[PDB]
Amino acid sequence: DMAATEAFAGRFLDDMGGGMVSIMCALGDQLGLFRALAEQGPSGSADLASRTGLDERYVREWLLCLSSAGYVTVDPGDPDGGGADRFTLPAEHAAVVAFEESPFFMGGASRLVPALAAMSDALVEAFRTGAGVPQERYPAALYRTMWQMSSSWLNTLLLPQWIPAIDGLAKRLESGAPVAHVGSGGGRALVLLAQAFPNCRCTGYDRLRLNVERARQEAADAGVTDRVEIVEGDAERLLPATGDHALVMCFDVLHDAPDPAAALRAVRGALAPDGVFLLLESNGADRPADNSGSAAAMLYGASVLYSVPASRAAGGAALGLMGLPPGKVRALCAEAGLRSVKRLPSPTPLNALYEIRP
Amino acid sequence: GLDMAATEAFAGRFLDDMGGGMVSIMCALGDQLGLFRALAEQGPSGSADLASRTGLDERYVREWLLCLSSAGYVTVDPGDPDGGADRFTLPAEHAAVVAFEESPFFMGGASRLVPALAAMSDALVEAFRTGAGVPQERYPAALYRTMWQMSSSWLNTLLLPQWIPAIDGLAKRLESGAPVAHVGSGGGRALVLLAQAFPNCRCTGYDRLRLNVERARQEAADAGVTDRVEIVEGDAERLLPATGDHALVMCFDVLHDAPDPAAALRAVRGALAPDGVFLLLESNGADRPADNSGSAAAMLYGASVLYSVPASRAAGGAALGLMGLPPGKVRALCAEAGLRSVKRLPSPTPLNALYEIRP
């Protein structure tokens, strides 16, 4: 009872502290401070500020937040009269917060906390009115963060690991066939594939204009506009049933579709008989109430702030970010005629990755 | 190479912290919408019943409940043996923290510090690059409203019921009547409480932020005590008179922001009666900043980056920050200013240290 009250008060404080540390990590990533400290090595606040051209007093207070949190270590100085306090980012921590090239990189994701916190007033209203919150109302920082994080694990995983891991896929892509990306987002996946497999006709589908034009610009900057087309709209309606796609990708967006079953039917119509549907969705329990832990809590909070309101505003099914766990993916795929559902090693414990075939 | 187990462990801590951020945003939303108090008072409830009782939409309330049940803040008894629907419970031990402002354990309103200060991220990116401050007036009103909310809760629990009776001789001196001052009077609740309880006292608040000045005046007017409560806009170091007759001077969570803390303490010493009391609330960290450790220190340093330091710089202050006056520094500054008796009292939070200070 009293022990339980004090224990919970501690958990509450820990979570508020985690919120503040998340905001500090997002600031640090935007400012380049984690990469700066990793490359510099053990550093005082003055030397880290000088290296980045930033203000030492602010950098110092930021460092002290992170040394209190154990994200960096500190060797106190000699205020008697190694000089100043010296801070180090451990290599194991830099793999997570500093180096995009690390398969462990998550640093940019911390910006989801401030970017979605900005929508608190909008959700206070929406909880009352029952309306959705259109995608265009969210901060640009949200979509920039989504592109940043997608680019990092796509660069690490798509060509080095996923495509080679899937039987016969690389050979079919080299020969050339249609490739589709449902929810093409920032467009990096299609640029990677178009450069590596120039005989494929690549098409992205996205409902958000900002994403459509970003992906087009990315293709243009890479010189692959002749290989990469972007379509604005809902792939369930626009993905053609030509039975010839060697690959259809769908990362973190099927759960927002207005009619997931309809979307899978469209995927099944597009795929070649030996084509591959590569699906990334959240992990979690088949029964929502059985979910437990930090990953589920994080994802449900993001679901409240973005996935559910934005999908409602588009009149969608609003299943939310946790709305397609493995059992539901398997049931929906069986219904749609996608009979082979296999898990692949996931980029995060947050997600489940599937190789799906007709 | 990399130690994989330590990398995976740190990745876990990072995810735990992002989850804490999301849960904090959900708690702030829930407090604003009254969902915790509704769930506590109604008892075990489905999402539909809770939404209907609060005038809200079931789909949104459901996703909010699932966040909190995943986090273990509420418990859930699943339904569907076809108890039909899932039923959620806020344990009484948890309601004491997040639902009831009357509880001494209440912290629910504080969660709104996370979204309110997150909104200042873009401003701090610029400030890191230019060295400029960020004036207090740039912050969301929700920040100051949250400060008033949380101050009101522990002042109502502690000031008259616990602190004043604990301070030897103070109640009797206030009953007879003497000047009372509040450095950083904020929302004005402390001065209203004392003016109601001890009407022979002349109470004066000092605050540099106009929003606080006018709120404190309105609170006094609403309570019928304007005749006893004056609010002064500006810095108490310059404006607090040296009349040697104040029975009580209060300063809660703001001395560390002053441009010259020693000067501010010197002004307090001049105002106090010889048996007058300076009641000081400050943060409870290490004497050496780099020795700080743990979630409380991390939370406070993050708020210090986002608010305490930039807002004090914008006013040309010393910008010591939220952790800048730990006990060793309080005691050193007090000894220098002639405040010889420094005693700790039981603090409202683990975050803070509370002092009874006398000349």
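Below, chains carry the letters A, B, ... as their sequence lines are ordered, and counting in each starts from 1.
Both the backbone and the side chain of B:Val114 come within less than 4.5 Å of a heavy atom of chain A. Using a 4.5 Å cut-off between heavy atoms, B:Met18 contacts chain A through both its backbone and its side chain. Heavy atoms closer than 4.5 Å to chain A are found in both the backbone and the side chain of B:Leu113. Both the backbone and the side chain of B:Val61 come within less than 4.5 Å of a heavy atom of chain A. With a threshold of 4.5 angstrom between heavy atoms, B:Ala127 approaches chain A through its backbone and through its side chain. Within the 4.5 angstrom heavy-atom criterion, only side-chain atoms of B:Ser24, from C-beta onward, approach chain A. Only the side chain of B:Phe105 comes within contact range of chain A, with at least one heavy atom under 4.5 Å from a heavy atom of that chain. Proximity to chain A is absent for every atom of B:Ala9, based on heavy atoms less than 4.5 angstrom apart. Residue B:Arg288 touches chain A through its side chain alone, counting heavy-atom pairs closer than 4.5 Å. Heavy atoms of B:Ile25 lying under 4.5 Å from chain A belong exclusively to its side chain. Heavy atoms closer than 4.5 Å to chain A are found in the side chain of B:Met4, but not in its backbone. Of the atoms belonging to B:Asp291, it is side-chain heavy atoms, and not backbone ones, that fall under 4.5 Å from chain A. Both the backbone and the side chain of B:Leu2 come within less than 4.5 Å of a heavy atom in chain A. In this structure, the portion of B:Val23 lying under 4.5 Å from any heavy atom of chain A is its side chain and not its backbone.
When each of A:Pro139, A:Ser110, A:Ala95 is scored by its heavy-atom pairs under 4.5 Å with chain B, the top score falls to A:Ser110. Of all the listed residues (A:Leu123, A:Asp121, A:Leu33, A:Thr348), the one sharing the greatest number of non-hydrogen pairs under 4.5 Å with chain B is A:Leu123. With chain B as partner, the option from A:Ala296, A:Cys65, A:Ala4 having the largest number of non-hydrogen pairs under 4.5 angstrom is A:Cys65. Chain B forms the most heavy-atom pairs under 4.5 Å with one residue out of A:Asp75, A:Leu116, A:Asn291, A:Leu64, and that residue is A:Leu64. Across A:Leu299, A:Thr129, A:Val97, A:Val304, the residue that shares the most heavy-atom pairs under 4.5 angstrom with chain B is A:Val304. Among B:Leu65, B:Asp80, B:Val97, the residue with the largest count of heavy-atom pairs under 4.5 Å with chain A is B:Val97. No other option in A:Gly284, A:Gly77, A:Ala118 has as many heavy-atom pairs under 4.5 Å with chain B as A:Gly77. Note: B:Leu29 leads B:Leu29, B:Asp86, B:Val76 in heavy-atom pairs under 4.5 Å with chain A.
In this structure, the separation between CD on B:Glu63 and CG on A:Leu305 is 10.5 Å, given to the nearest 0.5 Å. Remark: B:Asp17 CG to A:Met24 CE distance equals 12.5 Å, nearest 0.5 Å.
In this structure, the side chain of B:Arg13 does not engage the main chain of A:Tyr71 through any donor-acceptor pair within 3.5 Å. The backbone N or O of B:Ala132 sits less than 3.5 Å from a side-chain atom of A:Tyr58, completing a donor-acceptor pair. In this structure, B:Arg59 contributes its side chain and A:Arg312 its backbone to no donor-acceptor pair below 3.5 Å.
The two residues A:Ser68 and B:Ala298 have their closest heavy-atom pair at CB-N, 3.8 Å. The two residues B:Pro78 and A:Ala289 have their closest heavy-atom pair at CG-CB, 4.0 Å. For the pair A:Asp55 and B:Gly131, the tightest heavy-atom approach, listed with the atom from each and the gap, is OD1-CA, 3.6 Å. Smallest separation of non-hydrogen atoms from A:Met106 and B:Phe14: O-CE2, 3.5 Å.
The 12-atom threshold is not exceeded at CZ of A:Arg144, counting heavy atoms of other residues, nucleotides or ligands nearer than 6.0 Å.
With 3.5 Å as the limit, one finds a donor-acceptor pair spanning the side chains of B:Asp16 and A:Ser294.
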For this session: May I have the step-by-step check of side-chain contact (heavy atoms from CB on, under 4.5 Å) for B:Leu33 and A:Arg128, ending in yes or no?
Result: CA-CA 9 Å; B:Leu33 293 165; A:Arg128 175 180 60 79; 5.6 Å; no

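Taking the six-membered ring where the residue is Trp, B:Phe10 and A:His93 present parallel rings, their angle staying beneath 30° rather than reaching 60°.
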